[PDB]
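**Student:** My structure is stored as my_file.pdb, with PDB, C-alpha atoms.
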```
ATOM      1  CA  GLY A 406     131.907 135.183 107.606  1.00  0.00           C
ATOM      2  CA  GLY A 407     131.753 134.990 111.414  1.00  0.00           C
ATOM      3  CA  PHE A 408     132.411 131.222 111.385  1.00  0.00           C
ATOM      4  CA  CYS A 409     135.227 131.189 108.820  1.00  0.00           C
ATOM      5  CA  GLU A 410     138.223 130.664 111.122  1.00  0.00           C
ATOM      6  CA  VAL A 411     136.484 128.124 113.358  1.00  0.00           C
ATOM      7  CA  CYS A 412     135.280 126.209 110.289  1.00  0.00           C
ATOM      8  CA  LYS A 413     138.824 125.897 108.963  1.00  0.00           C
ATOM      9  CA  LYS A 414     140.159 124.759 112.352  1.00  0.00           C
ATOM     10  CA  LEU A 415     137.453 122.116 112.768  1.00  0.00           C
ATOM     11  CA  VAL A 416     137.736 120.796 109.196  1.00  0.00           C
ATOM     12  CA  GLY A 417     141.532 120.837 109.657  1.00  0.00           C
ATOM     13  CA  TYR A 418     141.095 118.660 112.736  1.00  0.00           C
ATOM     14  CA  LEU A 419     138.992 116.161 110.742  1.00  0.00           C
ATOM     15  CA  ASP A 420     141.351 116.213 107.726  1.00  0.00           C
ATOM     16  CA  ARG A 421     144.320 115.329 109.967  1.00  0.00           C
ATOM     17  CA  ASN A 422     142.757 112.962 112.505  1.00  0.00           C
ATOM     18  CA  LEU A 423     140.088 110.968 110.624  1.00  0.00           C
ATOM     19  CA  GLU A 424     140.855 108.290 108.032  1.00  0.00           C
ATOM     20  CA  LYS A 425     139.965 109.370 104.473  1.00  0.00           C
ATOM     21  CA  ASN A 426     137.395 106.727 103.398  1.00  0.00           C
ATOM     22  CA  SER A 427     135.160 107.477 106.340  1.00  0.00           C
ATOM     23  CA  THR A 428     131.368 106.923 106.184  1.00  0.00           C
ATOM     24  CA  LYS A 429     128.802 109.691 106.781  1.00  0.00           C
ATOM     25  CA  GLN A 430     128.046 108.060 110.171  1.00  0.00           C
ATOM     26  CA  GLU A 431     131.759 108.088 111.106  1.00  0.00           C
ATOM     27  CA  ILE A 432     132.103 111.726 110.007  1.00  0.00           C
ATOM     28  CA  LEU A 433     129.045 112.672 112.063  1.00  0.00           C
ATOM     29  CA  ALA A 434     130.497 111.021 115.182  1.00  0.00           C
ATOM     30  CA  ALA A 435     133.823 112.783 114.646  1.00  0.00           C
ATOM     31  CA  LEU A 436     132.172 116.166 113.975  1.00  0.00           C
ATOM     32  CA  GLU A 437     130.258 115.966 117.250  1.00  0.00           C
ATOM     33  CA  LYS A 438     133.461 115.325 119.260  1.00  0.00           C
ATOM     34  CA  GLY A 439     135.799 117.602 117.259  1.00  0.00           C
ATOM     35  CA  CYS A 440     134.991 120.924 118.992  1.00  0.00           C
ATOM     36  CA  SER A 441     136.508 119.646 122.232  1.00  0.00           C
ATOM     37  CA  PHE A 442     139.957 119.436 120.537  1.00  0.00           C
ATOM     38  CA  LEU A 443     140.035 123.035 119.292  1.00  0.00           C
ATOM     39  CA  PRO A 444     141.711 125.716 121.470  1.00  0.00           C
ATOM     40  CA  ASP A 445     139.444 126.572 124.420  1.00  0.00           C
ATOM     41  CA  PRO A 446     138.539 130.088 123.090  1.00  0.00           C
ATOM     42  CA  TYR A 447     136.764 128.449 120.115  1.00  0.00           C
ATOM     43  CA  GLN A 448     134.750 125.740 121.931  1.00  0.00           C
ATOM     44  CA  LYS A 449     131.325 127.342 122.166  1.00  0.00           C
ATOM     45  CA  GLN A 450     131.671 128.989 118.759  1.00  0.00           C
ATOM     46  CA  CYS A 451     132.602 125.595 117.311  1.00  0.00           C
ATOM     47  CA  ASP A 452     129.560 124.014 118.912  1.00  0.00           C
ATOM     48  CA  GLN A 453     127.313 126.702 117.399  1.00  0.00           C
ATOM     49  CA  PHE A 454     128.936 126.293 113.998  1.00  0.00           C
ATOM     50  CA  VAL A 455     128.467 122.523 113.961  1.00  0.00           C
ATOM     51  CA  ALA A 456     124.828 122.936 115.031  1.00  0.00           C
ATOM     52  CA  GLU A 457     124.065 125.463 112.310  1.00  0.00           C
ATOM     53  CA  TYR A 458     126.032 123.769 109.471  1.00  0.00           C
ATOM     54  CA  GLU A 459     125.897 120.091 110.364  1.00  0.00           C
ATOM     55  CA  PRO A 460     123.731 118.811 107.426  1.00  0.00           C
ATOM     56  CA  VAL A 461     125.789 120.580 104.762  1.00  0.00           C
ATOM     57  CA  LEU A 462     129.025 119.584 106.530  1.00  0.00           C
ATOM     58  CA  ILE A 463     128.247 115.880 106.361  1.00  0.00           C
ATOM     59  CA  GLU A 464     127.263 116.077 102.695  1.00  0.00           C
ATOM     60  CA  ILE A 465     130.539 117.798 101.695  1.00  0.00           C
ATOM     61  CA  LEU A 466     132.994 116.133 104.069  1.00  0.00           C
ATOM     62  CA  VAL A 467     132.220 112.670 102.738  1.00  0.00           C
ATOM     63  CA  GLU A 468     133.609 113.996  99.433  1.00  0.00           C
ATOM     64  CA  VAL A 469     136.426 116.326 100.517  1.00  0.00           C
ATOM     65  CA  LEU A 470     138.221 117.376 103.717  1.00  0.00           C
ATOM     66  CA  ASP A 471     140.235 120.339 102.445  1.00  0.00           C
ATOM     67  CA  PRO A 472     139.566 123.097 105.046  1.00  0.00           C
ATOM     68  CA  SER A 473     139.717 126.102 102.720  1.00  0.00           C
ATOM     69  CA  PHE A 474     137.499 124.513 100.087  1.00  0.00           C
ATOM     70  CA  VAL A 475     134.954 123.058 102.463  1.00  0.00           C
ATOM     71  CA  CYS A 476     134.545 126.313 104.395  1.00  0.00           C
ATOM     72  CA  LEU A 477     134.143 128.244 101.173  1.00  0.00           C
ATOM     73  CA  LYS A 478     131.704 125.874  99.557  1.00  0.00           C
ATOM     74  CA  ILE A 479     129.356 125.699 102.550  1.00  0.00           C
ATOM     75  CA  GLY A 480     129.310 129.493 102.844  1.00  0.00           C
ATOM     76  CA  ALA A 481     131.242 129.836 106.149  1.00  0.00           C
ATOM     77  CA  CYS A 482     134.092 131.711 104.404  1.00  0.00           C
ATOM     78  CA  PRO A 483     132.953 134.468 101.982  1.00  0.00           C
TER      79      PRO A 483
END
```
Any chance you could put this one into structure tokens?
**Tutor:**
Amino acid sequence: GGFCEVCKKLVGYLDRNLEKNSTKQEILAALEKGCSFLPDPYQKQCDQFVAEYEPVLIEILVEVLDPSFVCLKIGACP
């Protein structure tokens, strides 16, 4: 559960700032810039999270951007 809070912040950033019909390629590009917009204390943790969860993130985010649900389903929030 160490990545739960950062997961919800990052998915929250995507939910708010990315248009909803986005392609996997567009989600990937946004994911790999998103960490820089979180509060500074989360930056390196966010980078680590994206690195470790990026495949599963793309597969789920193309379907749904709800932070709570996404973070639960990928296993970041238990």
**Student:** Could you work out how far atom CA of residue A:478 lies from atom CA of residue A:463, giving the answer in Å with one decimal?
**Tutor:** 12.6 Å
**Student:** Excluding same-chain residues fewer than 6 positions from residue A:415, what lies within 9 Å of it counting all atoms listed in the file, as a PyMOL selection string?
**Tutor:** chain A and resi 436+439-440+442-443+451+472
**Student:** With 4 Å of padding per side, what axis-aligned box (centre and edge lengths, Å, one decimal) covers all the listed atoms of stretch 467-474 of chain A? Give it as lines of an AutoDock Vina configuration file.
**Tutor:**
```
center_x = 136.2
center_y = 119.4
center_z = 102.2
size_x = 16.0
size_y = 21.4
size_z = 13.6
```
**Student:** Output the residue selection produced by the PyMOL selection byres ((chain A and resi 475) around 12) on the file above, formatted as a PyMOL selection string.
**Tutor:** chain A and resi 409-410+412-417+419-420+458+461-474+476-483
**Student:** For those residues, write C-alpha atoms to a file as a PDB file, in the coordinates of the input.
**Tutor:**
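File written: result.pdb
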```
ATOM      1  CA  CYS A 409     135.227 131.189 108.820  1.00  0.00           C
ATOM      2  CA  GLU A 410     138.223 130.664 111.122  1.00  0.00           C
ATOM      3  CA  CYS A 412     135.280 126.209 110.289  1.00  0.00           C
ATOM      4  CA  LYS A 413     138.824 125.897 108.963  1.00  0.00           C
ATOM      5  CA  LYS A 414     140.159 124.759 112.352  1.00  0.00           C
ATOM      6  CA  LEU A 415     137.453 122.116 112.768  1.00  0.00           C
ATOM      7  CA  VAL A 416     137.736 120.796 109.196  1.00  0.00           C
ATOM      8  CA  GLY A 417     141.532 120.837 109.657  1.00  0.00           C
ATOM      9  CA  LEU A 419     138.992 116.161 110.742  1.00  0.00           C
ATOM     10  CA  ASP A 420     141.351 116.213 107.726  1.00  0.00           C
ATOM     11  CA  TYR A 458     126.032 123.769 109.471  1.00  0.00           C
ATOM     12  CA  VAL A 461     125.789 120.580 104.762  1.00  0.00           C
ATOM     13  CA  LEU A 462     129.025 119.584 106.530  1.00  0.00           C
ATOM     14  CA  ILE A 463     128.247 115.880 106.361  1.00  0.00           C
ATOM     15  CA  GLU A 464     127.263 116.077 102.695  1.00  0.00           C
ATOM     16  CA  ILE A 465     130.539 117.798 101.695  1.00  0.00           C
ATOM     17  CA  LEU A 466     132.994 116.133 104.069  1.00  0.00           C
ATOM     18  CA  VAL A 467     132.220 112.670 102.738  1.00  0.00           C
ATOM     19  CA  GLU A 468     133.609 113.996  99.433  1.00  0.00           C
ATOM     20  CA  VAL A 469     136.426 116.326 100.517  1.00  0.00           C
ATOM     21  CA  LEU A 470     138.221 117.376 103.717  1.00  0.00           C
ATOM     22  CA  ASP A 471     140.235 120.339 102.445  1.00  0.00           C
ATOM     23  CA  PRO A 472     139.566 123.097 105.046  1.00  0.00           C
ATOM     24  CA  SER A 473     139.717 126.102 102.720  1.00  0.00           C
ATOM     25  CA  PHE A 474     137.499 124.513 100.087  1.00  0.00           C
ATOM     26  CA  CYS A 476     134.545 126.313 104.395  1.00  0.00           C
ATOM     27  CA  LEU A 477     134.143 128.244 101.173  1.00  0.00           C
ATOM     28  CA  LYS A 478     131.704 125.874  99.557  1.00  0.00           C
ATOM     29  CA  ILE A 479     129.356 125.699 102.550  1.00  0.00           C
ATOM     30  CA  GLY A 480     129.310 129.493 102.844  1.00  0.00           C
ATOM     31  CA  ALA A 481     131.242 129.836 106.149  1.00  0.00           C
ATOM     32  CA  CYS A 482     134.092 131.711 104.404  1.00  0.00           C
ATOM     33  CA  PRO A 483     132.953 134.468 101.982  1.00  0.00           C
TER      34      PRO A 483
END
```
**Student:** Quote the spacing between atom CA of residue A:432 and atom CA of residue A:460 in Å to one decimal place.
**Tutor:**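 Atom-to-atom, atom CA of residue A:432 and atom CA of residue A:460 are spaced 11.3 Å apart.
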**Student:** Quote the spacing between atom CA of residue A:408 and atom CA of residue A:429 in Å to one decimal place.
**Tutor:**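 Going from atom CA of residue A:408 over to atom CA of residue A:429, I get 22.3 Å.
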**Student:** Can you take stretch 447-477 of chain A from the block and write N, CA and C atoms as a PDB file, in the first residue's frame?
**Tutor:**
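Listing of out09.pdb after writing:
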```
ATOM      1  N   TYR A 447       6.238  14.423  -3.494  1.00  0.00           N
ATOM      2  CA  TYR A 447       5.863  13.183  -4.154  1.00  0.00           C
ATOM      3  C   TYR A 447       6.634  12.869  -5.440  1.00  0.00           C
ATOM      4  N   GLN A 448       7.526  13.730  -5.933  1.00  0.00           N
ATOM      5  CA  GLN A 448       8.024  13.597  -7.293  1.00  0.00           C
ATOM      6  C   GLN A 448       8.746  12.274  -7.540  1.00  0.00           C
ATOM      7  N   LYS A 449       9.744  11.966  -6.715  1.00  0.00           N
ATOM      8  CA  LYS A 449      10.502  10.757  -6.914  1.00  0.00           C
ATOM      9  C   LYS A 449       9.667   9.510  -6.659  1.00  0.00           C
ATOM     10  N   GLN A 450       8.776   9.574  -5.650  1.00  0.00           N
ATOM     11  CA  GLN A 450       7.889   8.449  -5.403  1.00  0.00           C
ATOM     12  C   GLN A 450       6.987   8.219  -6.609  1.00  0.00           C
ATOM     13  N   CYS A 451       6.495   9.312  -7.200  1.00  0.00           N
ATOM     14  CA  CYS A 451       5.619   9.231  -8.356  1.00  0.00           C
ATOM     15  C   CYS A 451       6.376   8.585  -9.516  1.00  0.00           C
ATOM     16  N   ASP A 452       7.627   9.032  -9.727  1.00  0.00           N
ATOM     17  CA  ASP A 452       8.407   8.431 -10.785  1.00  0.00           C
ATOM     18  C   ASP A 452       8.546   6.917 -10.626  1.00  0.00           C
ATOM     19  N   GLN A 453       8.839   6.482  -9.394  1.00  0.00           N
ATOM     20  CA  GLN A 453       8.996   5.073  -9.070  1.00  0.00           C
ATOM     21  C   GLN A 453       7.705   4.309  -9.330  1.00  0.00           C
ATOM     22  N   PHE A 454       6.601   4.899  -8.847  1.00  0.00           N
ATOM     23  CA  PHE A 454       5.285   4.303  -9.071  1.00  0.00           C
ATOM     24  C   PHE A 454       4.967   4.085 -10.550  1.00  0.00           C
ATOM     25  N   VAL A 455       5.165   5.128 -11.360  1.00  0.00           N
ATOM     26  CA  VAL A 455       4.891   5.029 -12.779  1.00  0.00           C
ATOM     27  C   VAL A 455       5.741   3.919 -13.380  1.00  0.00           C
ATOM     28  N   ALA A 456       7.034   3.878 -13.005  1.00  0.00           N
ATOM     29  CA  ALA A 456       7.951   2.886 -13.553  1.00  0.00           C
ATOM     30  C   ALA A 456       7.471   1.477 -13.251  1.00  0.00           C
ATOM     31  N   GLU A 457       7.026   1.265 -12.007  1.00  0.00           N
ATOM     32  CA  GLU A 457       6.684  -0.073 -11.551  1.00  0.00           C
ATOM     33  C   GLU A 457       5.305  -0.488 -12.075  1.00  0.00           C
ATOM     34  N   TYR A 458       4.374   0.459 -12.273  1.00  0.00           N
ATOM     35  CA  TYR A 458       2.994   0.127 -12.622  1.00  0.00           C
ATOM     36  C   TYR A 458       2.620   0.537 -14.040  1.00  0.00           C
ATOM     37  N   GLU A 459       3.575   0.971 -14.884  1.00  0.00           N
ATOM     38  CA  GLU A 459       3.152   1.641 -16.090  1.00  0.00           C
ATOM     39  C   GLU A 459       2.333   0.741 -17.014  1.00  0.00           C
ATOM     40  N   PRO A 460       2.701  -0.538 -17.264  1.00  0.00           N
ATOM     41  CA  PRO A 460       1.892  -1.380 -18.151  1.00  0.00           C
ATOM     42  C   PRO A 460       0.434  -1.495 -17.712  1.00  0.00           C
ATOM     43  N   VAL A 461       0.238  -1.805 -16.426  1.00  0.00           N
ATOM     44  CA  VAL A 461      -1.123  -2.009 -15.921  1.00  0.00           C
ATOM     45  C   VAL A 461      -1.876  -0.677 -15.930  1.00  0.00           C
ATOM     46  N   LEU A 462      -1.182   0.430 -15.629  1.00  0.00           N
ATOM     47  CA  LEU A 462      -1.805   1.742 -15.701  1.00  0.00           C
ATOM     48  C   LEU A 462      -2.375   2.052 -17.084  1.00  0.00           C
ATOM     49  N   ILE A 463      -1.595   1.816 -18.141  1.00  0.00           N
ATOM     50  CA  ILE A 463      -2.111   2.140 -19.456  1.00  0.00           C
ATOM     51  C   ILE A 463      -3.356   1.296 -19.762  1.00  0.00           C
ATOM     52  N   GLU A 464      -3.300   0.019 -19.415  1.00  0.00           N
ATOM     53  CA  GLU A 464      -4.391  -0.886 -19.766  1.00  0.00           C
ATOM     54  C   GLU A 464      -5.687  -0.460 -19.066  1.00  0.00           C
ATOM     55  N   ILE A 465      -5.609   0.069 -17.839  1.00  0.00           N
ATOM     56  CA  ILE A 465      -6.819   0.414 -17.099  1.00  0.00           C
ATOM     57  C   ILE A 465      -7.292   1.827 -17.429  1.00  0.00           C
ATOM     58  N   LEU A 466      -6.324   2.751 -17.603  1.00  0.00           N
ATOM     59  CA  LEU A 466      -6.676   4.155 -17.741  1.00  0.00           C
ATOM     60  C   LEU A 466      -7.427   4.440 -19.042  1.00  0.00           C
ATOM     61  N   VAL A 467      -7.196   3.600 -20.044  1.00  0.00           N
ATOM     62  CA  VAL A 467      -7.860   3.775 -21.322  1.00  0.00           C
ATOM     63  C   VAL A 467      -9.348   3.485 -21.132  1.00  0.00           C
ATOM     64  N   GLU A 468      -9.681   2.772 -20.047  1.00  0.00           N
ATOM     65  CA  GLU A 468     -11.063   2.389 -19.761  1.00  0.00           C
ATOM     66  C   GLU A 468     -11.712   3.297 -18.710  1.00  0.00           C
ATOM     67  N   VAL A 469     -10.941   3.715 -17.708  1.00  0.00           N
ATOM     68  CA  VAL A 469     -11.472   4.451 -16.580  1.00  0.00           C
ATOM     69  C   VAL A 469     -10.365   5.245 -15.905  1.00  0.00           C
ATOM     70  N   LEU A 470     -10.726   6.445 -15.445  1.00  0.00           N
ATOM     71  CA  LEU A 470      -9.826   7.425 -14.846  1.00  0.00           C
ATOM     72  C   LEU A 470     -10.217   7.777 -13.414  1.00  0.00           C
ATOM     73  N   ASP A 471     -11.165   7.028 -12.826  1.00  0.00           N
ATOM     74  CA  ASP A 471     -11.513   7.269 -11.444  1.00  0.00           C
ATOM     75  C   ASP A 471     -10.355   6.906 -10.511  1.00  0.00           C
ATOM     76  N   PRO A 472      -9.798   7.859  -9.729  1.00  0.00           N
ATOM     77  CA  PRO A 472      -8.596   7.570  -8.950  1.00  0.00           C
ATOM     78  C   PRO A 472      -8.732   6.421  -7.964  1.00  0.00           C
ATOM     79  N   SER A 473      -9.805   6.440  -7.168  1.00  0.00           N
ATOM     80  CA  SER A 473     -10.009   5.386  -6.175  1.00  0.00           C
ATOM     81  C   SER A 473     -10.075   4.009  -6.819  1.00  0.00           C
ATOM     82  N   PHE A 474     -10.852   3.880  -7.891  1.00  0.00           N
ATOM     83  CA  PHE A 474     -11.050   2.603  -8.531  1.00  0.00           C
ATOM     84  C   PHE A 474      -9.762   2.120  -9.190  1.00  0.00           C
ATOM     85  N   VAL A 475      -9.128   3.029  -9.934  1.00  0.00           N
ATOM     86  CA  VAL A 475      -7.922   2.607 -10.640  1.00  0.00           C
ATOM     87  C   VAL A 475      -6.859   2.098  -9.663  1.00  0.00           C
ATOM     88  N   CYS A 476      -6.639   2.861  -8.592  1.00  0.00           N
ATOM     89  CA  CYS A 476      -5.601   2.546  -7.623  1.00  0.00           C
ATOM     90  C   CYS A 476      -5.888   1.232  -6.892  1.00  0.00           C
ATOM     91  N   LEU A 477      -7.192   0.992  -6.651  1.00  0.00           N
ATOM     92  CA  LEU A 477      -7.579  -0.282  -6.085  1.00  0.00           C
ATOM     93  C   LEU A 477      -7.361  -1.429  -7.057  1.00  0.00           C
TER      94      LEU A 477
END
```
